[PDB]
Amino acid sequence: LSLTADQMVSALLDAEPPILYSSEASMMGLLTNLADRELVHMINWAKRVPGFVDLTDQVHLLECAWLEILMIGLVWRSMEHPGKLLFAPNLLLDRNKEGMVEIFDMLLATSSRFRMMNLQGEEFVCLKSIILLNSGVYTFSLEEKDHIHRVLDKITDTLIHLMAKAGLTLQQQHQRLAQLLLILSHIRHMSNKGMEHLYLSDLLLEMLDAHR
Amino acid sequence: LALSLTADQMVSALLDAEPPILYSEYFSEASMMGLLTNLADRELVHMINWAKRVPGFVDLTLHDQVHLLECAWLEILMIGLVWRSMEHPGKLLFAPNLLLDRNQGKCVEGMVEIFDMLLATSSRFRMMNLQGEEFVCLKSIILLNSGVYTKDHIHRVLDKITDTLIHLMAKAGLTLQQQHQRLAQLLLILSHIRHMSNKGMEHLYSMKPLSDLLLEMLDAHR
Amino acid sequence: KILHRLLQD
Amino acid sequence: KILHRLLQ
Ligand SMILES: CC[C@@H](c1ccc(O)cc1)[C@H](c1ccccc1)c1ccc(O)cc1
Ligand SMILES: CC[C@@H](c1ccc(O)cc1)[C@H](c1ccccc1)c1ccc(O)cc1
């Protein structure tokens with residue numbers, strides 16, 4: 001809340017979770033098992049997101065954005081692997097599939113979008129933090145809501161910091177900011193669609209039951 | 001064409017293309033949906049005509065125009081509902097003669113959770129003091145963005161609308177920092193509008209006396 | 001789809 | 001609810 005934007009990035013980068021390793025029924029077992037272990041790291045990552053521990057609310061924000069955060073992480077990992085999705089270093093899958101064949105394409109499309117935009121890691125950690133604080137902010141009390149917006153504004157400044165320190169003109173900064181945040185709308189879409197098909201440890205169902 | 005207009009010319013075109021506020025006929029589970037589906041059906045006809053008046057939309061393939069409308073129609077309906085419900089806090093103004101509250105949502109099962117998110121978005125637009133010139137920009141963005149990853153021309157038109165949004169904020173006294181923060185705040189709400197649409201789409205398919213057009217729209221999300 | 005017709009007229 | 005304990 002009182003961190004320089006350089007210190008903002010450094011905090012988020014340092015708080016990054018590791019990249020974990022891992023027919024039709026077997027592959028879902030792999031993804032389910034992988035996501036379940038990722039959720040454990042995400043929760044402790046969320047605690048290291050500036051302002052998150054200043055809330056109660058934490059359960060609700062995670063319950064709404066967990067699949068989003070998982071998906072943007074996946075998309076980020078698959079950025080330098082065109083046509084494929086890198087779920088894990090030992091699990092790189094392309095289009096070659098029941099029903100999530102559409103989700104794959106949306107993830108590939110999102111990953112392709114990150115590629116041409118040349119998304120930076122410093123920008124990625126900012127977006128992922130935004131998803132955490134934003135996705136469940138209008139489902140709440142309002143005393144914390146005011147503070148969340150202040151943190152969101154701080155991350156916005158941090159994003160603009162990075163672009164300005166990249167040589168981009170003032171207009172290019174606004175445009176790239178818009179382009180980035182508009183992608184979060186698609187991630188919400190993929191999450192909701194993905195959440196639909198999901199309807200398997202106790203934690204993964206506690207998150208899954210929240211979107212019933 | 002859309003690329004070659006001033007930010008002021010962009011706004012004036014959007015404001016002039018605005019669909020009118022329709023009325024409903026002059027509750028329960030069947031009657032409530034009946035009025036809503038009837039209203040939405042008539043709104044969609046105007047929306048399609050509004051879409052063609054949005055700069056750079058006609059410049060797209062007919063197939064692409066169909067795709068964007070089918071993906072964003074409920075979002076556009078909702079953000080319009082949210083906008084005209086600003087001056088009526090705690091209530092949703094579907095029509096000037098159709099004002100509903102939270103308790104009135106309890107007639108259609110599963111519809112009250114959407115109503116709460118809609119009110120929250122409305123109170124957000126209120127808190128932000130969203131301007132009409134900004135509202136028409138957000139609506140145009142929803143149209144061009146929501147179905148773009150399901151392109152090179154569209155992203156340039158979106159950039160043009162982004163330029164237009166900043167133009168409005170710069171011409172209101174807001175500093176550069178306040179411009180970035182407000183822009184970001186507005187676009188993040190679009191993520192929630194997407195969420196409400198997805199949840200709303202879900203309950204519509206759960207109920208599916210919808211019209212042919214309204215059923216064609218819903219089957220696209222099937 | 002009738003949507004094609006509305007978009008053309 | 002599981003998420004409560006782990007967060008604490
Ligand atoms: C896109 C693959 C995910 C998925 C999510 C929902 C589905 O209906 C199908 C697949 C998958 C997943 C997530 C949660 C539960 C099951 C599968 C996942 C996502 C990100 C990640 O880092 C690891 C796995
Ligand atoms: C939120 C109200 C809409 C709705 C959408 C989905 C539902 O499951 C319940 C209600 C609705 C709607 C849309 C399509 C079909 C029925 C109801 C609508 C929204 C805006 C508007 O200006 C007019 C109607």
Side-chain angles (χ1 to χ4, degrees), chain A residues 64-65 68 105-113 116-117 130-131 133-140 149 152-153 155-161 163-164 170-193 195-196 211, chain B residues 71-72 75 110 113 116-124 127-128 137 141-142 144-150 152 155-156 158-167 169-170 176-199 201-202 221:
Chain A
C64 261
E68 285 192 79
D105 290 329
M106 288 191 297
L107 294 167
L108 288 175
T110 305
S111 184
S112 184
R113 183 63 173 134
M116 66 171 59
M117 288 188 65
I130 290 177
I131 289 177
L133 300 169
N134 180 249
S135 292
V137 72
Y138 302 98
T139 327
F140 293 151
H149 286 152
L152 282 174
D153 289 339
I155 305 179
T156 296
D157 295 340
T158 301
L159 276 172
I160 293 295
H161 192 331
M163 305 179 189
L170 204 45
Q171 191 188 44
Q172 291 173 326
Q173 294 168 31
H174 309 160
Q175 291 179 12
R176 185 173 180 84
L177 181 68
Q179 292 169 1
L180 286 182
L181 300 176
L182 283 184
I183 294 177
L184 302 187
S185 179
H186 293 267
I187 291 174
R188 183 83 67 117
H189 186 73
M190 296 183 299
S191 176
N192 292 144
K193 303 310 291 181
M195 205 88 59
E196 281 183 28
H211 286 265
Chain B
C71 284
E75 288 177 273
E113 336 182 284
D116 285 334
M117 297 185 296
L118 287 170
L119 289 171
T121 308
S122 184
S123 65
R124 181 70 161 115
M127 173 169 56
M128 298 190 67
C137 280
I141 288 176
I142 291 183
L144 300 168
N145 172 78
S146 297
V148 74
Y149 302 142
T150 50
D152 175 72
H155 288 163
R156 295 196 182 94
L158 286 178
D159 286 334
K160 183 58 192 304
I161 306 181
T162 300
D163 295 336
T164 315
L165 270 175
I166 298 294
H167 173 81
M169 305 171 193
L176 283 176
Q177 194 180 40
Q178 289 181 336
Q179 291 166 40
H180 311 153
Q181 290 180 15
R182 164 166 271 258
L183 173 67
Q185 281 165 0
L186 291 178
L187 299 176
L188 286 184
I189 302 175
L190 299 186
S191 178
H192 291 266
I193 294 175
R194 188 70 152 267
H195 181 75
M196 292 184 290
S197 174
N198 289 342
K199 300 301 288 181
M201 209 74 67
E202 173 180 337
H221 288 264

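So you know, we letter chains A, B, ... as the sequences are listed, proteins then strands, and number each from 1.
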For the [atom1] atom of [X] and the [atom2] atom of [Y], what is their distance to the nearest 0.5 Å?
| X | Y | atom1 | atom2 | result |
| --- | --- | --- | --- | --- |
| B/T150 | A/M106 | OG1 | CE | 8.0 Å |
| B/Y149 | A/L182 | OH | CG | 7.5 Å |
| B/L187 | A/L181 | CG | CG | 6.0 Å |
| B/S197 | A/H189 | OG | NE2 | 8.5 Å |

At a 4.5 Å cut-off on heavy atoms, which part of [X] comes close to chain A: side chain, backbone, both, or neither?
| X | value |
| --- | --- |
| B/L186 | neither |
| B/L176 | side chain |
| B/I193 | neither |

Residues forming a side-chain hydrogen bond (donor to acceptor under 3.5 Å, both in side chains) with A/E68, sequence neighbours excluded: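 A/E68: side-chain hydrogen bond (donor to acceptor under 3.5 Å, both in side chains) contacts with A/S135, A/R188.
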Please work out whether the ring planes of A/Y138 and B/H192 are parallel, tilted or perpendicular, with thresholds of 30° and 60°. perpendicular
State which residues pass ring-ring contact (aromatic ring centres under 6.0 Å, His included) with A/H174; sequence neighbours excluded, sorted by chain then number.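 A/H174: ring-ring contact (aromatic ring centres under 6.0 Å, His included) contacts with B/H180.
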With B/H155, which of A/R113, A/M117, A/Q175 fulfils side-chain contact (heavy atoms from CB on, under 4.5 Å)?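 It is A/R113; the other options fail the test.
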Per the side-chain contact (heavy atoms from CB on, under 4.5 Å) rule, which among B/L158, B/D159, B/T162, B/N145 passes with A/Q179? B/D159
Minimum heavy-atom distance B/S191-A/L184, with the two atoms named: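 Minimum heavy-atom contact is OG-O, 3.7 Å.
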